[PDB]
Every structure is written in structure tokens, then in C-alpha cells.
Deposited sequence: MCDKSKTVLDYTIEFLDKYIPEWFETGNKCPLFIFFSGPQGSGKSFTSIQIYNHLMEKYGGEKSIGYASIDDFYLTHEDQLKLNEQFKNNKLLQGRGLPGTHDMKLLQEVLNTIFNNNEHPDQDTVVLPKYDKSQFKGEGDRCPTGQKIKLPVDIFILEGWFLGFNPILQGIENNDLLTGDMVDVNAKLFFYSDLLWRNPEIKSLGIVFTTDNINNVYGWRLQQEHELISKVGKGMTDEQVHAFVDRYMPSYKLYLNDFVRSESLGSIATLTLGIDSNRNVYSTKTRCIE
């Protein structure tokens, strides 16, 4: 049976060459989006390698996880107080906890030396609170293909009647405002041409399961991790976002400006359905 990888490679091996046949010198972005635990991270990494091997020296390939752009430990502390009463913004995690100014600059440089520098993060820092690495990564300019991945890529801010939406309340109000900067800068940015890989599942509560598994394995290995109660508390921080944006995002099939591949997977990460939308 075909895995998510099989479908993804199939989709990209058709569309990437078709993009190059256009002669476009601007970068081609490739966005990977999927709930935490869906395996989208591993899949994006596999594609990175796939492209590195296929095009190797004839094309410049870049890769980054949106979390590579988390705020410096210090700035997150600043963010904590700034939104002292918003529990969703305390600590790295939700939209608004990333360094947008830095992302803005990188994008600027890309669409502009011989290399551009992207940040790298270290989550083990400050007893697990995390901090930015003293040294990131360097990508050769111009960039031909740029792979970016995150669990909320493609989500769009609620723009109208934000006081009537029941899901959009409390701490989510600021999160929604924060989400704007990513959307505006990336998947809603008219200058960005891209292919999208979307992972969705039959039940969103699969996310709890997937993280409960991950943590149980860590504990059985080093006797340290969150209690199930804490794992629930952890995931609960992301559920509001899922409930608010996942539907429009996935149903819209437009993470990619050129084409989008949507994959539906079950608890065992098994594919039950596939769909490719090529923006008409």
C-alpha cells in the first residue's frame, strides 16, 4: 500500500518539474501542514533529502521548520508579561511566539550575499524553556526551492464578526491577531508561489493519543516527562486553534498557490483518502 511519502513524491515529481519548465527564477515554496503527531515533520525532511538527491547541484534547496524561528528565550519572557493574562501565550508554542521581524528579513533577503542565514532553535535550553542557537544555518542564494513546515501553516485569521464567533474568545483573540503576520507574510502573500502538502485526520482527538504515546516512550526510557494530565494540558493549548481554523483551511485546499495535495490519515497514520487540487 502507498504511504503518505508515496503520494507526496508522486505529487511533487509531477509538479516541481512543471514549475521549472516555466523558467521562473523566483523561489518555489513547498509548505507542509499537519496536526502535531501526524508525521508531517518526518515527511518534509524526507522530501528535502529526495530533492537534494534529485537536483543536488543544479538547484539550491532550503528547508526550515516554522519553530526554527521561535522567539529568543529572552523575547519570549518579554512576551509572557506583555500578555500576562493570556495563558495560551505563556511560553513558546502558539502563533505569536515566533520572531516575525526575523522571518520578514529572511524572506526579504530570499526575494532579493552568497548565502542567507536562517535561525536554529534549541529546546533543551533553560531547563526545557528553550532558546535560539548561537549559530543557525546558511542557504545558497538564489534559493530555487524552499521547504517550510509547521502544524498551523495555512490557517487564516478570522477577519469579520470576531465577537460573534464562540470559538474565538478569551486568549484566542490575541492568537488570532498574531496568526495574521504569518498568513500575510506567507500563504496569503501574492508574491509567494507554492505547492502545498496537507495532512488531516478522521478525528482531531487523535492528537491527544499521538502525544500520549510519545511521552510514554520517553518516560520508559529516561523516567522523565509529563503526566497524562499534563499531556492533556499541553494539547489543550492547541485544540482551540484546531477547532477554529482546521476546517476552513483543509476544505479550502489552498495552502499551495499552484496546487495542493491533501491526505487524510487515521490513528495509525494510514491514508484513507487523497485529493489533489490544482487552482483553476
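- Numbered from the first deposited residue, the unresolved ranges run 1-4, 117-122.
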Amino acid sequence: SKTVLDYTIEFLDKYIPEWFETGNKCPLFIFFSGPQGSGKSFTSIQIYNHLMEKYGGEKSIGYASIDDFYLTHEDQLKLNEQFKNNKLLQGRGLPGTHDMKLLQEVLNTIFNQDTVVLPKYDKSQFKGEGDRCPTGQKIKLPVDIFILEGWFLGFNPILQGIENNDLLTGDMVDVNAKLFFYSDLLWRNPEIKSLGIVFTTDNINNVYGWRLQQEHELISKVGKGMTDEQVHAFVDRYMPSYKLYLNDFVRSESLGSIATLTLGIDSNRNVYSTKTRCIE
From here on, numbers count along this sequence of modelled residues.
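- On average the C-alpha atoms of 222-230 have higher B-factors than those of the other stretch, with 36-44 and 222-230 being the two compared.
- Legend: mean Cα B-factor per stretch from the PDB entry, 130-138 versus 96-104; the higher mean is in 130-138.
- Of the candidates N24, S257, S267, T262, the one whose C-alpha carries the top B factor in the deposited record is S267.
- Residues shown: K193, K87, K178, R188. Highest C-alpha temperature factor in the entry: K87.
- Among the modelled residues of the chain, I66 sits in the lowest third by CA temperature factor in this PDB entry.
- Annotation for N165: C-alpha temperature factor in the highest third relative to the rest of the modelled chain, per the entry.
- When the modelled residues of the chain are ordered by C-alpha B-factor, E81 sits in the highest third.
- Ranked within its chain, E53 lands in the highest third, by CA B factor from the PDB record.
- Annotation for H216: CA B-factor lies in the highest third of the chain's modelled residues.
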